[PDB]
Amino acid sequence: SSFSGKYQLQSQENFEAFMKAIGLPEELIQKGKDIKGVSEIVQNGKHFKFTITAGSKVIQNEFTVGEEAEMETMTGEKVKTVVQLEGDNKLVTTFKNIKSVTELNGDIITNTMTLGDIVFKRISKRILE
């Protein structure tokens, strides 16, 4: 019902392949590929504040679902996109050629980003505080 929490990355698949596909340099990818950090979400109804840690980068994004917003991506590009809430537990959007689904089941977020044949999946667990 609420996405709010601090989420510890537990495991991921295809980090290197996805970051290569979007244009990041190999040297940066290899430096970040094994980091398992903590991302944070604060949800207030349709409003979301994200402090995402992925690889060696921390990205802070904010949106209201259903409203267009500029989302900073791993390349540094700020993309214009609309994120929708499906049900109470799935955030969906598409930007460039990437389909993104952020799904909350209990205390586990599964984030799936699909770019052609590459399915980049991150599993993170809410720190219960």
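Quick note: we count residues from 1 along the sequence shown, nothing fancier.
Legend entry - Comparing 50-58 with 31-39, the one whose average Cα B-factor in the PDB entry is higher: 31-39 has the higher mean C-alpha B-factor.
Inset, instruction - Pick between 64-72 and 22-30: the one whose mean CA B-factor in the entry is higher. - result: Between 22-30 and 64-72, it is 22-30 that shows the higher mean C-alpha B-factor.
Legend entry - CA B-factor placement of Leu9, once the chain's modelled residues are sorted into thirds: Bottom third by C-alpha B-factor.
Legend entry - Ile109 by Cα B-factor - lowest, middle or highest third of the modelled chain: Ranked within chain, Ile109 CA B lands in the lowest tercile.
Inset, instruction - Pull the Cα B-factor of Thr102 out of the PDB entry and bin it into the chain's lowest, middle or highest third. - result: Lowest third - that is where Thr102 ends up once the chain's C-alpha B-factors are sorted.
Inset, instruction - Would you mind ranking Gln84 by its C-alpha B-factor against the rest of the chain and naming the third, lowest, middle or highest? - result: Lowest third of the chain for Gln84's C-alpha B-factor.
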